[PDB]
Structures are given as structure tokens and as C-alpha cells.
Amino acid sequence: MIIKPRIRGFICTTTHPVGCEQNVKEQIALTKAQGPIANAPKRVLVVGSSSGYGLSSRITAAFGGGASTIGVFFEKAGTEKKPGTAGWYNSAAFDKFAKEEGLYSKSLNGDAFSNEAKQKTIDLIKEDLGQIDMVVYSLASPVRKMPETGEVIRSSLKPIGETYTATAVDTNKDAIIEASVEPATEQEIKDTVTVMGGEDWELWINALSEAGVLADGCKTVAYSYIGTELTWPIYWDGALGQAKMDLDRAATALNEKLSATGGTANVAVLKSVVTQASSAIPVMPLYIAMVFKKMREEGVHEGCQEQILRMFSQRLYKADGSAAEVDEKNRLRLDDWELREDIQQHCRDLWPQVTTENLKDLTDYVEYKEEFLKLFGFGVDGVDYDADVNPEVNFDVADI
């Protein structure tokens with residue numbers, strides 16, 4: 001068929017299969033250009049491997065470190081009459097290129113929170129790789145079906161205590177507005193820790209030890225975010241702040257466990273990036289447009305690929321083998337460039353002066369929307385969008 005973009009606001013109900021493959025191609029080319037990571041792990045599991053940091057995690061490990069990779073995700077294949085989700089083609093394109101290079105690549109598609117997800121992974125590891133030496137926990141679901149009870153829990157992006165009011169950009173008018181978010185209830189906060197904390201991370205690690213498929217010295221990392229003071233009432237003091245609290249607790253527990261045979265567990269705090277959910281909080285497109293413009297000017301701008309490459313080659317698996325620099329809570333900090341003072345101070349100074357009228361001058365907002373469209377495979381360069389495209393695209397993936 002011929003694939004349009006059906007997009008109003010920041011909901012895009014359409015994906016472009018080749019644009020997505022072209023996006024994996026660019027990220028792969030970027031990692032290869034940095035050269036092999038001498039000390040990188042060889043048998044890598046990525047729980048949540050189909051987009052954003054998870055996809056770049058799988059790409060770094062395979063195409064920068066030469067690793068065999070198993071990835072877990074929940075995507076929707078495309079039929080002849082309906083394109084699938086970006087994550088489906090992202091994964092399919094990964095498999096294509098990894099297999100073209102002789103790298104092991106298997107993928108499991110389903111509910112990564114379910115007990116069955118851990119079993120099919122334990123089994124699949126046992127058929128070839130035998131053991132895993134790194135687990136990337138990069139799930140980004142706002143929803144968790146509890147593995148014992150079937151109850152469906154969703155997280156909430158709300159402050160705690162008081163209302164959160166901030167400047168924001170209105171959708172599809174590009175008009176500066178004031179957005180408000182109500183405080184979380186006592187149950188919405190629990191539920192956020194349940195979905196976005198470290199419980200399911202610990203379930204993956206603990207179940208994988210109890211099958212023997214965790215290699216001695218295995219390291220595991222989960223991804224988090226601290227953000228600017230513009231979003232402290234959600235990401236630090238809000239419902240999601242209690243979740244990240246819980247991820248710290250899990251990392252401490254997991255780090256003690258794997259420490260037995262020399263391994264580690266860390267939370268990695270990553271930078272602001274444009275993702276399919278990033279436009280949830282209303283201030284985030286406004287802030288991201290502004291700080292991306294400054295960070296481009298200072299030459300410190302990065303995407304998801306560069307972030308995970310730097311985590312690999314400048315934190316976890318450094319050429320000289322020296323230990324990763326961590327913060328006081330034993331977290332890796334890859335948001336160190338974005339949270340530099342001259343960068344943050346620039347946003348602080350410009351923030352009161354942003355208007356509908358100077359939006360495109362003070363911020364890279366028109367670029368923001370292009371990058372957001374790039375998530376679903378549109379606006380990409382090596383693609384003729386008038387070409388017919390088959391949305392049915394298969395690869396080495398098994399359900400459940």
C-alpha cells in the first residue's frame with residue numbers, strides 16, 4: 001500500500017516500514033563509526049529492545065561490541081492491509097542486519113511482565129548462548145499486568161501533594177500555553193511504584209539466576225531519568241519519583257546479589273530524548289526544543305544511540321578497564337552534559353521570555369516535530385514516501 005502520516009498532536013496512528021528500517025540503519029552506521037568496544041559483553045539480553053534506549057542498547061551491544069543478542073518486546077506485526085508498530089519494524093530491521101553480519105539475534109514478542117516471559121527467555125538462552133553476561137532492563141511501559149493475579153496496573157505522571165503548573169506548547173497550534181496536572185492519589189502513587197519501580201527488574205534477574213543462565217560476572221543496568229528542575233514535581237518529588245526511588249532500592253539489592261561472582265547492577269540516568277511518550281508531560285516538548293538548540297550550539301547534543309554508546313564505552317566497558325564513574329547513589333549519569341550549568345542556565349534565562357511568536361527563534365521546535373515524526377518512520381532521508389510498501393515484514397521472532 002501507500003503509507004501516509006495520520007498525525008494530530010503527538011498521536012501518530014501510522015508507521016512507515018522502510019523509514020523505520022532506515023532509522024536502524026543510521027543508528028547502526030553511527031555505532032560502527034565509533035569502532036569496536038574492546039571490553040564489551042558477548043551474550044546480551046535486552047528486556048524492552050524495540051525502540052528508544054532499548055533498541056539503541058541492542059544496537060550498541062551487537063554492532064559495537066559484537067554481542068549475540070536476545071531482545072524482548074511487545075509489538076504488533078503488520079498485515080497486508082495495516083502497518084504494524086514502529087517497534088516491530090525496528091526489531092525486524094535489527095534482525096535483518098545482525099544476521100547479515102553473522103551475529104546471533106533472537107527475539108521474543110509478548111508481555112515482558114508475565115512469568116512466561118522469563119521462562120521462554122531462560123529456555124531460549126539454553127539452546128545456544130547458554131548463559132548471559134549482561135541484562136539491559138529498558139522496559140518503558142506505562143502499564144503492568146501483575147504476573148500472579150492478572151490485575152492491570154497503570155502508572156501516573158502526576159505530582160505529589162500539590163498541583164503542577166508549567167509553561168508548555170499547545171499541540172498543532174504551536175501556541176505557548178500554561179498546563180496543569182493534579183496531584184496523585186495515594187493509590188496512584190503505589191501503582192506507579194508497581195509499574196515503574198524495580199520489582200519486575202528483580203523478577204527478571206532472580207528468575208534468571210535460578211535457571212543458571214546468568215554468567216558469573218554478569219552486569220545489569222536499568223534506565224531512569226532525573227530531568228531538569230522544570231519537571232522536578234513529576235520526576236523527582238512526584239509519583240514517578242517514588243518509582244525511581246524503588247529502582248534504586250532494587251539496584252542495591254541486585255548489585256549485592258551479582259557481586260558474589262563479580263558482577264554489578266546499576267541504574268543509568270539518561271538524558272532527555274524525543275520518544276513516543278515524551279510528549280506526555282506538556283512541558284517536555286517545549287524544554288526539549290529549547291535545550292536541544294543550546295546543546296547543539298555547545299556541541300554536546302546526543303540522541304539515544306550516542307547515549308548508550310557513551311554508557312558502554314565511557315562507563316561500563318572502558319578501554320582501560322577502570323571503574324565506571326557513578327554518583328552518590330551508585331548510579332551512572334549520562335545526563336551529565338545536559339545538566340551542566342551553562343546549559344541549564346541558558347534555559348533558565350530564556351524560559352520567561354518564550355512566546356508563541358518567538359518559539360521557533362528561541363527553540364528548535366520545528367525540528368522537534370520532525371524528530372517526533374521520525375520515530376514512526378516519516379520524514380526520513382533515504383525513503384521515497386510515494387513508493388508502494390508491504391507492511392507484512394517477518395523476522396526471527398517467537399510469541400510469548
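Any Cβ shown, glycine's included, is placed from N, Cα and C.
Around the Cβ of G52 (NAD(+) binding site), the same chain contributes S138, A140, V273, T275, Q276, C304, each under 8 angstroms and 6 or more positions distant in sequence. Swiss-Prot lists 48-53, 74-75, 111-112, 139-140, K244, 273-275 with the feature NAD(+) binding site.
Residues within less than 8 Å, Cβ to Cβ, of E75 (site 'Plays an important role in discriminating NADH against NADPH') and separated from it by at least 6 positions along the same chain comprise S50, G84, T85, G87, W88, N90, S91, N109. DSSP classifies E75 (site 'Plays an important role in discriminating NADH against NADPH') as coil under the three-state reduction. What Swiss-Prot records for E75 is site 'Plays an important role in discriminating NADH against NADPH'.
What Swiss-Prot records for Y225 is substrate binding site. Taking a C-beta cut-off of under 8 angstroms and a sequence separation of 6 or more, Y225 (substrate binding site) has the following same-chain neighbours: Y235, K244, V269, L270, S272, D335.
Look at Swiss-Prot and you will find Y235 tagged as active site, proton donor, backed by sequence analysis.
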Among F74, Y235, which are recorded positions, the residue with the most C-beta atoms within 10 angstroms of its C-beta: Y235
